[PDB]
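Trainee: Contents of data.cif (mmCIF, C-alpha atoms) are below:
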```cif
data_query
#
loop_
_atom_site.label_atom_id
_atom_site.label_comp_id
_atom_site.auth_asym_id
_atom_site.auth_seq_id
_atom_site.Cartn_x
_atom_site.Cartn_y
_atom_site.Cartn_z
CA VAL Y 18 78.54 -57.31 10.13
CA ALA Y 19 75.99 -55.73 12.46
CA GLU Y 20 76.00 -54.55 16.09
CA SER Y 21 73.35 -51.82 16.56
CA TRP Y 22 70.83 -50.19 14.20
CA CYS Y 23 69.02 -46.94 15.02
CA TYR Y 24 66.50 -46.23 12.28
CA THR Y 25 65.16 -43.07 14.02
CA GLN Y 26 62.52 -42.72 11.31
CA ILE Y 27 61.82 -39.05 10.69
CA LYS Y 28 58.14 -38.48 11.39
CA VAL Y 29 56.28 -37.53 8.20
CA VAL Y 30 52.60 -36.54 8.22
CA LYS Y 31 50.83 -35.89 4.91
CA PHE Y 32 47.32 -34.89 3.86
CA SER Y 33 45.42 -33.25 1.03
CA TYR Y 34 43.02 -30.37 0.40
CA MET Y 35 41.06 -28.85 -2.47
CA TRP Y 36 39.50 -25.49 -3.32
CA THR Y 37 36.82 -25.09 -6.00
CA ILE Y 38 35.16 -21.80 -6.92
CA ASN Y 39 32.46 -22.28 -9.55
CA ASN Y 40 32.48 -18.69 -10.90
CA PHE Y 41 36.17 -17.79 -11.01
CA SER Y 42 35.75 -15.29 -13.86
CA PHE Y 43 33.16 -13.41 -11.76
CA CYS Y 44 34.35 -14.58 -8.32
CA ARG Y 45 35.89 -11.15 -7.66
CA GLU Y 46 32.74 -9.12 -6.83
CA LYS Y 47 34.27 -7.55 -3.70
CA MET Y 48 37.47 -6.43 -5.58
CA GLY Y 49 39.36 -9.48 -4.28
CA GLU Y 50 41.47 -8.22 -1.39
CA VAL Y 51 41.20 -11.60 0.37
CA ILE Y 52 38.86 -14.60 0.30
CA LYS Y 53 38.27 -15.87 3.82
CA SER Y 54 38.30 -19.66 3.48
CA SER K 15 45.64 -38.18 -8.60
CA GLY K 16 42.33 -37.05 -7.14
CA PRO K 17 42.84 -38.37 -3.61
CA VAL K 18 39.53 -36.83 -2.33
CA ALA K 19 41.65 -34.14 -0.57
CA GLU K 20 40.61 -35.79 2.73
CA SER K 21 38.84 -32.64 3.97
CA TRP K 22 37.23 -30.74 1.09
CA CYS K 23 35.51 -27.37 0.83
CA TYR K 24 33.03 -26.09 -1.76
CA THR K 25 32.55 -22.37 -1.14
CA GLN K 26 29.97 -20.95 -3.54
CA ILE K 27 29.41 -17.20 -3.86
CA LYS K 28 26.32 -17.67 -6.00
CA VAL K 29 25.24 -14.96 -8.45
CA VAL K 30 21.65 -14.55 -9.65
CA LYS K 31 21.60 -13.45 -13.30
CA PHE K 32 18.48 -12.12 -15.04
CA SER K 33 17.51 -9.73 -17.83
CA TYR K 34 15.20 -6.76 -18.35
CA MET K 35 13.89 -5.44 -21.68
CA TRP K 36 12.43 -1.99 -22.38
CA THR K 37 10.90 -0.59 -25.58
CA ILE K 38 9.47 2.94 -25.73
CA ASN K 39 7.09 4.26 -28.38
CA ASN K 40 8.18 7.23 -30.56
CA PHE K 41 11.55 7.66 -28.85
CA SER K 42 12.40 10.68 -31.02
CA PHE K 43 9.14 12.30 -29.79
CA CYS K 44 10.09 12.24 -26.07
CA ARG K 45 12.55 15.16 -25.78
CA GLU K 46 13.30 15.17 -22.06
CA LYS K 47 15.25 18.42 -21.69
CA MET K 48 17.74 18.92 -18.83
CA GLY K 49 17.12 15.96 -16.56
CA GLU K 50 13.37 15.60 -17.00
CA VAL K 51 12.51 12.30 -15.34
CA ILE K 52 10.91 9.32 -17.09
CA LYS K 53 10.70 6.09 -15.08
CA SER K 54 10.15 2.39 -15.73
CA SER K 55 8.45 -0.44 -13.86
CA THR K 56 9.94 -1.65 -10.60
CA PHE K 57 11.28 -5.10 -11.53
CA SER K 58 12.94 -7.80 -9.42
CA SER K 59 15.08 -10.76 -10.43
CA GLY K 60 12.08 -13.12 -10.68
CA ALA K 61 13.14 -15.66 -8.04
CA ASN K 62 11.09 -14.00 -5.30
CA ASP K 63 10.98 -10.19 -4.85
CA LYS K 64 13.14 -8.78 -2.04
CA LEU K 65 14.65 -5.84 -3.96
CA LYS K 66 13.52 -3.95 -7.05
CA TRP K 67 15.28 -2.09 -9.87
CA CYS K 68 14.08 0.54 -12.32
CA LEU K 69 15.72 2.36 -15.23
CA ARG K 70 15.81 6.10 -15.92
CA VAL K 71 16.82 7.40 -19.36
CA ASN K 72 17.21 10.98 -20.61
CA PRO K 73 17.00 11.27 -24.45
CA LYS K 74 18.89 14.57 -24.06
CA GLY K 75 21.50 14.02 -21.37
CA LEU K 76 21.19 16.07 -18.20
CA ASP K 77 23.85 18.57 -17.06
CA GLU K 78 26.28 20.46 -19.30
CA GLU K 79 28.45 17.32 -19.54
CA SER K 80 25.97 15.20 -21.54
CA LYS K 81 24.48 18.14 -23.44
CA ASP K 82 24.92 16.38 -26.81
CA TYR K 83 24.64 12.86 -25.37
CA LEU K 84 22.09 10.46 -23.88
CA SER K 85 22.21 9.96 -20.10
CA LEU K 86 20.93 6.55 -18.98
CA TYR K 87 20.65 5.67 -15.29
CA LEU K 88 19.77 2.48 -13.41
CA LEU K 89 18.13 3.12 -10.03
CA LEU K 90 17.62 1.01 -6.92
CA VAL K 91 14.03 1.18 -5.66
CA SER K 92 14.34 -0.75 -2.40
CA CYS K 93 16.76 -3.29 -0.93
CA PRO K 94 18.01 -4.53 2.45
CA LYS K 95 20.47 -2.13 4.06
CA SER K 96 23.69 -4.05 3.35
CA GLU K 97 25.55 -1.82 0.84
CA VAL K 98 24.27 -3.82 -2.11
CA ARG K 99 26.94 -4.58 -4.73
CA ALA K 100 25.45 -5.73 -8.04
CA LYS K 101 26.85 -5.59 -11.56
CA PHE K 102 24.80 -4.35 -14.50
CA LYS K 103 25.16 -3.67 -18.21
CA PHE K 104 23.16 -2.02 -21.00
CA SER K 105 22.85 -2.70 -24.71
CA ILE K 106 20.58 -1.75 -27.62
CA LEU K 107 18.64 -4.62 -29.18
CA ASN K 108 17.93 -4.42 -32.90
CA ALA K 109 14.78 -5.49 -34.74
CA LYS K 110 16.20 -8.98 -35.34
CA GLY K 111 16.85 -9.70 -31.65
CA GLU K 112 20.66 -9.51 -31.85
CA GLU K 113 22.83 -7.75 -29.29
CA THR K 114 24.56 -4.80 -30.96
CA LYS K 115 26.23 -2.35 -28.52
CA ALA K 116 27.88 -4.14 -25.59
CA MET K 117 28.86 -1.67 -22.84
CA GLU K 118 29.61 -3.57 -19.63
CA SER K 119 30.29 -1.96 -16.26
CA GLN K 120 33.91 -2.50 -15.27
CA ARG K 121 32.98 -3.71 -11.76
CA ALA K 122 30.08 -4.61 -9.46
CA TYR K 123 28.69 -1.12 -8.96
CA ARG K 124 27.58 -0.38 -5.40
CA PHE K 125 23.91 0.48 -4.82
CA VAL K 126 21.91 1.79 -1.87
CA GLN K 127 18.45 3.26 -1.33
CA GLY K 128 17.89 6.38 -3.42
CA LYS K 129 21.12 5.81 -5.39
CA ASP K 130 21.41 5.26 -9.14
CA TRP K 131 24.47 4.33 -11.19
CA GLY K 132 24.54 4.51 -14.98
CA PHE K 133 26.61 4.73 -18.16
CA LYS K 134 26.58 8.49 -18.60
CA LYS K 135 27.21 9.67 -22.17
CA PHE K 136 25.53 6.41 -23.15
CA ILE K 137 25.27 7.14 -26.89
CA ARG K 138 26.01 10.25 -28.93
CA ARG K 139 22.88 12.09 -30.02
CA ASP K 140 23.84 12.46 -33.69
CA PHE K 141 24.31 8.69 -34.01
CA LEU K 142 21.24 8.00 -31.85
CA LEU K 143 18.92 10.10 -34.03
CA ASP K 144 20.47 8.68 -37.22
CA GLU K 145 17.78 6.47 -38.75
CA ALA K 146 20.22 4.86 -41.21
CA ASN K 147 21.49 2.50 -38.50
CA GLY K 148 18.23 0.54 -38.42
CA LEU K 149 18.33 0.22 -34.62
CA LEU K 150 15.06 2.22 -34.35
CA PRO K 151 12.24 0.25 -36.05
CA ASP K 152 9.19 2.54 -36.10
CA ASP K 153 11.32 4.99 -34.06
CA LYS K 154 11.31 2.54 -31.13
CA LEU K 155 14.46 1.88 -29.10
CA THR K 156 14.67 -1.63 -27.62
CA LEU K 157 17.07 -1.75 -24.66
CA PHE K 158 18.45 -5.03 -23.29
CA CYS K 159 19.68 -4.91 -19.68
CA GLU K 160 21.26 -7.63 -17.53
CA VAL K 161 21.99 -7.64 -13.79
CA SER K 162 24.21 -9.88 -11.65
CA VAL K 163 23.05 -9.42 -8.05
CA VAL K 164 25.10 -11.40 -5.51
CA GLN K 165 24.37 -12.48 -1.93
CA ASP K 166 28.06 -12.01 -0.97
CA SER K 167 29.40 -15.13 0.73
CA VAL K 168 28.10 -18.59 1.64
CA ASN K 169 30.51 -21.46 2.29
CA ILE K 170 30.47 -25.26 2.58
CA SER K 171 32.99 -27.57 4.25
CA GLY K 172 33.97 -31.23 4.52
CA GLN K 173 34.05 -34.19 4.82
CA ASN K 174 34.28 -37.33 2.62
CA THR K 175 35.71 -39.85 5.07
CA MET K 176 37.86 -42.69 3.75
CA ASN K 177 35.06 -45.29 3.44
CA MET K 178 37.45 -48.23 3.26
CA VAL K 179 34.63 -50.50 2.06
CA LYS K 180 32.95 -50.08 -1.34
CA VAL K 181 29.16 -50.28 -1.00
CA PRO K 182 27.50 -50.90 -4.40
CA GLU K 183 24.57 -48.71 -5.34
CA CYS K 184 21.05 -49.82 -4.44
CA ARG K 185 19.71 -52.37 -6.92
CA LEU K 186 16.00 -52.62 -6.03
CA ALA K 187 15.04 -50.66 -9.15
CA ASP K 188 17.37 -52.79 -11.28
CA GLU K 189 16.52 -56.11 -9.63
CA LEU K 190 12.77 -55.56 -9.32
CA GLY K 191 12.57 -54.35 -12.91
CA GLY K 192 14.02 -57.72 -13.88
CA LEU K 193 10.75 -59.22 -12.64
CA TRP K 194 9.00 -58.07 -15.82
CA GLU K 195 11.41 -59.58 -18.34
CA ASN K 196 11.50 -62.97 -16.61
CA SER K 197 7.75 -62.79 -15.83
CA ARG K 198 8.62 -65.06 -12.92
CA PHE K 199 6.00 -66.31 -10.45
CA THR K 200 3.18 -64.47 -12.24
CA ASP K 201 -0.35 -65.58 -11.35
CA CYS K 202 -2.67 -63.29 -13.38
CA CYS K 203 -3.08 -62.55 -17.08
CA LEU K 204 -3.32 -59.15 -18.77
CA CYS K 205 -5.07 -58.96 -22.15
CA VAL K 206 -4.24 -55.95 -24.36
CA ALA K 207 -5.62 -55.70 -27.92
CA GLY K 208 -5.98 -59.44 -28.36
CA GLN K 209 -2.52 -60.11 -26.87
CA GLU K 210 -2.06 -61.65 -23.43
CA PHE K 211 0.43 -60.32 -20.86
CA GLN K 212 1.10 -61.69 -17.37
CA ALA K 213 1.25 -59.71 -14.11
CA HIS K 214 0.18 -59.89 -10.46
CA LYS K 215 -1.88 -57.76 -8.13
CA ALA K 216 0.73 -56.60 -5.62
CA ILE K 217 2.99 -54.12 -7.42
CA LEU K 218 0.26 -52.92 -9.80
CA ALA K 219 -2.00 -52.06 -6.87
CA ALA K 220 1.02 -50.57 -5.10
CA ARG K 221 2.03 -47.98 -7.71
CA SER K 222 -1.32 -47.02 -9.26
CA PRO K 223 -4.75 -46.34 -7.63
CA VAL K 224 -6.72 -47.47 -10.70
CA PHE K 225 -5.41 -51.05 -10.76
CA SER K 226 -5.81 -51.19 -6.98
CA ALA K 227 -9.45 -50.15 -7.34
CA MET K 228 -10.54 -52.43 -10.18
CA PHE K 229 -8.84 -55.55 -8.79
CA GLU K 230 -10.14 -55.18 -5.24
CA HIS K 231 -13.81 -54.71 -6.25
CA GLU K 232 -14.57 -58.46 -6.26
CA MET K 233 -12.62 -58.86 -9.52
CA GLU K 234 -9.52 -60.46 -7.98
CA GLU K 235 -11.69 -63.07 -6.23
CA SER K 236 -13.23 -64.67 -9.35
CA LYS K 237 -11.87 -63.25 -12.64
CA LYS K 238 -8.36 -62.48 -11.34
CA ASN K 239 -6.59 -63.93 -14.38
CA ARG K 240 -8.45 -62.05 -17.12
CA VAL K 241 -8.73 -58.27 -17.47
CA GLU K 242 -10.17 -56.55 -20.56
CA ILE K 243 -8.02 -53.67 -21.84
CA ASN K 244 -8.57 -52.23 -25.32
CA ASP K 245 -7.93 -48.46 -25.06
CA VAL K 246 -4.22 -48.95 -25.90
CA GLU K 247 -1.92 -51.17 -27.97
CA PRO K 248 0.59 -53.75 -26.65
CA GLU K 249 3.65 -51.74 -27.73
CA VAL K 250 2.90 -48.75 -25.48
CA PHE K 251 1.50 -50.93 -22.68
CA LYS K 252 4.87 -52.69 -22.54
CA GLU K 253 6.64 -49.46 -21.59
CA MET K 254 3.87 -48.37 -19.22
CA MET K 255 4.03 -51.76 -17.46
CA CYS K 256 7.81 -51.38 -17.29
CA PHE K 257 7.27 -48.03 -15.59
CA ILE K 258 4.87 -49.64 -13.10
CA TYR K 259 7.39 -52.25 -11.97
CA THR K 260 10.78 -50.60 -12.54
CA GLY K 261 9.76 -46.95 -12.20
CA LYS K 262 11.57 -45.93 -15.41
CA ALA K 263 10.63 -45.23 -19.04
CA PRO K 264 13.55 -45.79 -21.46
CA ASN K 265 11.47 -46.05 -24.67
CA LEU K 266 9.39 -42.94 -23.97
CA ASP K 267 10.17 -40.44 -26.74
CA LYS K 268 9.17 -42.73 -29.62
CA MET K 269 5.51 -42.97 -28.53
CA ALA K 270 5.13 -40.03 -26.15
CA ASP K 271 1.51 -39.34 -27.22
CA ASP K 272 -0.46 -42.58 -26.85
CA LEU K 273 1.73 -43.37 -23.84
CA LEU K 274 0.55 -40.09 -22.32
CA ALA K 275 -2.98 -41.29 -23.10
CA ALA K 276 -2.28 -44.60 -21.36
CA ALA K 277 -0.86 -42.78 -18.33
CA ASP K 278 -3.96 -40.57 -18.15
CA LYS K 279 -6.17 -43.66 -18.42
CA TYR K 280 -4.67 -45.34 -15.33
CA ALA K 281 -3.77 -42.16 -13.37
CA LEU K 282 0.03 -42.38 -13.46
CA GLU K 283 1.05 -39.03 -11.99
CA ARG K 284 4.81 -39.41 -12.42
CA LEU K 285 4.49 -40.87 -15.92
CA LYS K 286 1.95 -38.19 -16.87
CA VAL K 287 4.46 -35.52 -15.84
CA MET K 288 7.27 -37.33 -17.67
CA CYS K 289 5.20 -37.59 -20.85
CA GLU K 290 4.30 -33.90 -20.61
CA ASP K 291 7.98 -33.01 -20.27
CA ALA K 292 9.11 -35.29 -23.10
CA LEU K 293 6.37 -34.15 -25.50
CA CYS K 294 6.77 -30.46 -24.63
CA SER K 295 10.29 -30.64 -26.09
CA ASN K 296 8.90 -31.69 -29.50
CA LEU K 297 6.42 -28.80 -29.82
CA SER K 298 6.39 -27.26 -33.29
CA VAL K 299 4.28 -24.98 -35.47
CA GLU K 300 2.46 -27.69 -37.44
CA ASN K 301 1.50 -29.85 -34.44
CA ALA K 302 0.61 -27.01 -32.05
CA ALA K 303 -3.14 -27.51 -32.53
CA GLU K 304 -2.82 -31.29 -32.32
CA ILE K 305 -0.70 -31.06 -29.16
CA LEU K 306 -3.30 -28.69 -27.71
CA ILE K 307 -5.98 -31.30 -28.47
CA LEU K 308 -4.05 -34.11 -26.77
CA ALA K 309 -3.26 -31.94 -23.74
CA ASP K 310 -6.91 -30.92 -23.39
CA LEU K 311 -8.20 -34.49 -23.77
CA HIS K 312 -6.02 -35.88 -20.96
CA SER K 313 -6.26 -32.86 -18.60
CA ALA K 314 -2.52 -32.22 -18.96
CA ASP K 315 -2.40 -28.90 -17.11
CA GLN K 316 1.31 -28.20 -17.59
CA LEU K 317 1.50 -29.27 -21.23
CA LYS K 318 -1.73 -27.38 -21.89
CA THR K 319 -0.11 -24.26 -20.42
CA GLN K 320 3.02 -24.58 -22.55
CA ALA K 321 0.93 -25.29 -25.66
CA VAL K 322 -1.17 -22.18 -24.94
CA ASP K 323 2.05 -20.17 -24.63
CA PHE K 324 3.40 -21.65 -27.87
CA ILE K 325 0.26 -20.81 -29.86
CA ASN K 326 0.24 -17.31 -28.35
CA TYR K 327 3.85 -16.96 -29.52
CA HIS K 328 3.40 -18.46 -33.02
CA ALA K 329 -0.22 -17.75 -34.00
CA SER K 330 1.16 -16.01 -37.11
CA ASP K 331 2.08 -19.41 -38.62
CA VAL K 332 -0.32 -21.88 -36.96
CA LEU K 333 -3.71 -20.62 -38.21
CA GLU K 334 -2.93 -21.49 -41.84
CA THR K 335 -2.17 -25.08 -40.76
CA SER K 336 -4.87 -27.67 -41.40
CA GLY K 337 -4.75 -28.77 -37.77
CA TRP K 338 -5.89 -25.36 -36.55
CA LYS K 339 -8.94 -25.23 -38.83
CA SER K 340 -9.83 -28.84 -37.98
CA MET K 341 -9.64 -27.92 -34.29
CA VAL K 342 -11.76 -24.82 -34.93
CA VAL K 343 -14.52 -26.74 -36.73
CA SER K 344 -14.41 -29.62 -34.24
CA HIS K 345 -13.60 -28.18 -30.79
CA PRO K 346 -14.13 -24.39 -30.66
CA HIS K 347 -13.66 -24.22 -26.88
CA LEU K 348 -9.89 -24.31 -27.36
CA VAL K 349 -10.38 -21.48 -29.85
CA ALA K 350 -12.09 -19.58 -27.02
CA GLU K 351 -9.22 -20.17 -24.58
CA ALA K 352 -6.71 -19.26 -27.30
CA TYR K 353 -8.61 -16.02 -27.91
CA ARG K 354 -8.60 -15.20 -24.19
CA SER K 355 -4.88 -15.95 -23.85
CA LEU K 356 -3.72 -14.17 -27.01
CA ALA K 357 -5.92 -11.15 -26.23
CA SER K 358 -3.87 -10.51 -23.03
CA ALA K 359 -0.23 -11.55 -23.49
CA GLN K 360 1.23 -10.47 -26.85
CA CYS K 361 -1.55 -8.76 -28.86
CA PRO K 362 -3.87 -7.25 -26.20
CA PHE K 363 -5.12 -3.61 -25.92
CA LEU K 364 -2.94 -2.22 -28.74
CA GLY K 365 0.10 -2.09 -26.42
CA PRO K 366 2.46 -3.51 -27.73
CA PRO K 367 1.21 -3.48 -31.36
#
```
Go through the file and emit its structure as structure tokens.
Mentor:
Amino acid sequence: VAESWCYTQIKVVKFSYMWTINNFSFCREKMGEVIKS
Amino acid sequence: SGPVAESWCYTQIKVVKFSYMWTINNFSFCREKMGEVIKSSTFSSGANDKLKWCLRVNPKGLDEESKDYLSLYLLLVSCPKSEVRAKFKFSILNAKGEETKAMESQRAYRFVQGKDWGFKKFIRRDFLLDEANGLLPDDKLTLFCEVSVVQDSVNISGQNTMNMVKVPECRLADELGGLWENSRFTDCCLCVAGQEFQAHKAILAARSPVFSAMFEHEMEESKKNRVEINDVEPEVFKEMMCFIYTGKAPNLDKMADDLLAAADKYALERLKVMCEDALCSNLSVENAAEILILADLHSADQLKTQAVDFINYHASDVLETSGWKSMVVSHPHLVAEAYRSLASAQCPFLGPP
């Protein structure tokens, strides 16, 4: 049995990102309040 | 997963790290009382010279605080006005070149013009003057210092698009190098030590001036097939030919000496540099004189420089070697350059002994 379908697919957007710091042990320097990316 | 992150960022707060060594004669004979100033050379990192550092040590610590202690201060000579923030540490190096007393600054100490940080109460005077430790050979204190200057913020961003297609890597080096092994469509011979190889004028003249010169001087018109080569053996000439076509030298380390000679013969700049680099890694005490001879014969400036440095460093063990005396009797000019070099770097005008 079937009379009316309404899929109304919820819009999903997805995407990636990465963050590499090569000197994490010594990446502080400025006392590490915040790193402006 | 490693999905490339779509957008990607590679921020890099680079840190330049270098070292500075100081050794003072008769340290127990200094006796700087109550902040008397003794200074050291203004030294930079080495990669250019924009800012300079200099140490300042008081064998008897200044002020009533370090009355029974050694006060040691690191001073900024000059720098750009940016509130410089660089980390530093100090340690005492023993006679055997082993780090002994690690005292690291807890953070990147801030420096400006005319300002000097330091590890006050560096070392207690009773322990410092104690000769039983062995840290004072000939009453000389060797200090090892490291610095970690930072430029404070440089960032990179993006992109790595999808690239739905998959482009293979360029194959000209791989494909063209396959010309040698097949020896396809060759039209000239190449005699080496009674053994005949096959090549052609185009690539050889392309990647070496010498072959270009000897072929074009009426030789390729009449005697193009036959060329007389006897200064080298077929085994090394195989690799050097492979370098001419392909531009690579896989079997280089096994015969790095006569292959350097072959490169010098035909003026192969890249292969000369590669042979110098490969052979400089195998420098040793016994072959120092021999390596000096080969470098001098082929005008290997870089390898000659490193060999000069090596003999200056290890003359204590090289003179007794037979190679050194053979070089002396045969080619005394290298003895003259060795005398000039060693009389300036390590054993010069009595300082250091």
Trainee: Could you tell me, as a ChimeraX atom specification, exactly which residues end up selected when the PyMOL selection byres ((chain K) within 12 of (chain Y)) is applied to this structure?
Mentor: /K:15-31,97-101,120-124,162-174
Trainee: Step by step, work through what the PyMOL selection byres ((chain K and resi 351) around 12) selects in the shown file, and finish by giving those residues as an NGL selection string.
Mentor: :K and (306 or 310 or 318-319 or 321-323 or 325-326 or 342 or 345-350 or 352-358)
Trainee: Would you mind listing what lies within 8 Å of residue 243 (chain K) as an MDAnalysis selection string, with all atoms listed in the file counted and same-chain residues fewer than 3 positions away left out?
Mentor: chainID K and resid 204:207 246
Trainee: Between CA of residue 289 (chain K) and CA of residue 272 (chain K), measure the distance and give it in Å to one decimal.
Mentor: 9.6 Å
Trainee: Pick the closest to residue 134 (chain K) from K:197, K:85, K:42, K:212: which is it, counting all atoms listed in the file?
Mentor: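 With all atoms listed in the file as the atom set, the closest residue is K:85.
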Trainee: Which residues would end up in the selection if the PyMOL selection byres ((chain K and resi 216) around 12) were applied here, given that I need the answer as a list in words?
Mentor: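 On this input, the PyMOL selection byres ((chain K and resi 216) around 12) captures residues 200, 201, 202, 213, 214, 215, 217, 218, 219, 220, 221, 222, 223, 225, 226, 229, 230, 234, 258 and 259 of chain K.
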Trainee: Counting all atoms listed in the file, which of K:118, K:283, K:271, K:130 gets nearest to residue 104 (chain K)?
Mentor: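 Going through K:118, K:283, K:271, K:130 one by one, the smallest distance to residue 104 (chain K) is for K:118.
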Trainee: CA of residue 224 (chain K) to CA of residue 261 (chain K): how many Å, to one decimal?
Mentor: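 Taking CA of residue 224 (chain K) as the start and CA of residue 261 (chain K) as the end point, the length is 16.6 Å.
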Trainee: Interatomic distance between CA of residue 48 (chain K) and CA of residue 137 (chain K)?
Mentor: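 Atom-to-atom, CA of residue 48 (chain K) and CA of residue 137 (chain K) are spaced 16.1 Å apart.
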Trainee: For residue 265 (chain K), which of K:88, K:250, K:51, K:233 is the closest residue, counting all atoms listed in the file?
Mentor: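 Of all the options, K:250 lies closest to residue 265 (chain K).
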Trainee: List the neighbours of residue 194 (chain K) out to 8 Å using all atoms listed in the file; skip same-chain residues closer than 4 positions along the sequence, and give me the result as a PyMOL selection string.
Mentor: chain K and resi 190+198+256+259
Trainee: Excluding region 138-149 of chain K and residues on its chain fewer than 5 positions from it, collect all residues at most 7 Å away from it, counting all atoms listed in the file, and give them as a ChimeraX atom specification.
Mentor: /K:82-84,108-109,155
